[PDB]
Amino acid sequence: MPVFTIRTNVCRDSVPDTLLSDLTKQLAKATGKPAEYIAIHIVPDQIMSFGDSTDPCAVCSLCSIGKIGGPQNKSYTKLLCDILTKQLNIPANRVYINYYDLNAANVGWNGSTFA
Amino acid sequence: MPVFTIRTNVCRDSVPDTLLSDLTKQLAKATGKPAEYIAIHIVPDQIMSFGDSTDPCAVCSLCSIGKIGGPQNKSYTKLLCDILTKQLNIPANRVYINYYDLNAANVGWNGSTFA
Amino acid sequence: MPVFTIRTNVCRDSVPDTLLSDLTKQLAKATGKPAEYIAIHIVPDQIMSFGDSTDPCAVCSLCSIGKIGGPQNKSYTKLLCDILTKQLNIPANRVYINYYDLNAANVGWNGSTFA
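Residue numbers (the working numbering), protein chains in the order written: chain A, 147 to 261; chain B, 147 to 261; chain C, 147 to 261.
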């Protein structure tokens, strides 16, 4: 049950009003996890630099209980990198994505955990 | 020595001016860790969706050097979920909480680490 | 290939317009990692408390594929704590820094991962 967030210096105004449903629909397919169990967080107007340049960049993170591995993460990257340059106009080379495989017992939800 | 943050789309104005002291007092008891060593971070006005809905939701995280386990996390969840709906009006089902057990050697503080 | 972010309640206006290049130049030396592969994220105006006080504080995080260990983290802390009080006027005792050693296979970049 994944969460994907984008932290970028790009301004709020360049944020396609589609992104949210967009990243939800895509990650759902990609990870093969329920669209209802996916939460997306977009953070623009941020103060950040990459390689010492304040040009458009992003540091993202995908947390998922499973669906995280070697070939998977590459697949996700190409996917998320394609979406990020197209929608936010963020070059692929100025983007990091931290992938995380959470343990069910460490994910609280609706009052309890997934354990 | 825990840190608990709330990232929500709810607007800054619905943030009880008590929450900070509130979550501090509670987590302190819950985890049985010094109130002085707890830091709370609240992030409202955020761009996020859950299950493809932009309705009130939250993705939280509790980082603590210990005090993290099976039954503990459930206990924390019910606690944090009760507080979050009551104070921020966020339904329990549209809330994720990532629990993390940090290693003392990996937590810098006041110039050094807890190792 | 590190990322260092600062989340503080200090106001945007107290953020030296140097910090970005500053933390980049320093971490680069410190961790001995390419300045081009370092991304810095600064988050001010935030709602946070520490020890139940809303006075200037910060919760930072340094993610790096390696260059993370026992004596390293202490060294980094003293470094980052010196920089944070001098530049942002944040006392060393009201600052936490979470250090993370990422696995290359879990870091997407420019379309693929570092694996």
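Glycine is no exception: its CB is placed at the ideal position from the N, C-alpha and C atoms.
Contact check for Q233(C) against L165(C) passes: the beta carbons are separated by less than 9 Å. Going by C-alpha positions, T200(C) is about 34 Å away from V253(C).
Chain A places no beta carbon closer than 9 Å to that of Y245(C), leaving this residue out of the contacts. When DSSP assignments are scanned along the segment 208-237 of chain B, the uninterrupted stretches of alpha helix (DSSP H) that are 4 or more residues long and fall wholly within it turn out to be 216-234.
Taking 9 Å as the CB threshold, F196(A) lines the interface with chain C.
The residues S221, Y222, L225, in chain order, have a CB closer than 8 Å to that of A176(A) in the same chain once the five nearest residues on each side in sequence are set aside.
Beta-bridge partners assigned by DSSP to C206(B): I152(B), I243(B). Of all residues in the segment 198-224 of chain B, those with a C-beta nearer than 7 Å to a C-beta of chain A are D198, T200, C203, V205, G216, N219, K220, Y222, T223, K224, reading in chain order. Assigned with DSSP and collapsed to three states, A261(B) falls in coil, not helix or strand.
Selection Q192(B), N235(B), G257(B) evaluated against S160(B) yields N235(B) as nearest (Cα-Cα). Neighbours of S258(A) in chain B, taken as residues whose beta carbon is under 8 Å from its own, are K220, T223, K224 in chain order. Within 8 Å of the CB of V149(A), no CB atom of chain C is found; the nearest one sits about 15 Å away.
The straight-line gap separating the alpha-carbon atoms of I184(B) and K171(B) is approximately 9 Å. Here the segment 241-257 of chain A makes contact with the segment 238-254 of chain B; the two share three or more CB pairs at distances below 8 Å. DSSP places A185(C) in the uninterrupted beta strand (DSSP E) bounded by 185-189. Only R153 from the segment 148-180 of chain A bring a Cβ to less than 7 Å from some Cβ of chain C. Cβ contact annotation for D247(A) (same chain, cutoff 6 Å, sequence separation greater than five): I214, in chain order. The C-beta of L234(A) comes no closer than 9 Å to any C-beta of chain B.
Secondary-structure assignment with DSSP links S195(C) through a beta bridge to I186(B). For the pair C206(C) and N155(C), the CB atoms are not nearer than the 9 Å cut-off.
Nearest Cα to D198(C) within the set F260(B), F150(B), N249(B), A250(B): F150(B). Remark: C-beta atoms of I193(C) and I188(B) approach each other more closely than 9 Å.
Check the Cα spacing between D163(C) and each of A261(C), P190(C), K179(C), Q218(C): the tightest is with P190(C).
Apart from sequence neighbours up to five positions away, the residues of its chain that approach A181(A) with a beta-carbon distance below 6 Å are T170, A174, ordered along the chain.
A direct Cα-to-Cα measurement between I211(B) and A261(B) gives close to 11 Å. Per DSSP, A250(C) lies in no alpha helix (DSSP H) segment and is marked neither H nor E.
What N239(A) touches in chain C, judged by beta-carbon distance under 7 Å, is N256, going in chain order.
Annotation for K171(B): the continuous alpha helix (DSSP H) segment containing it runs 165-177.
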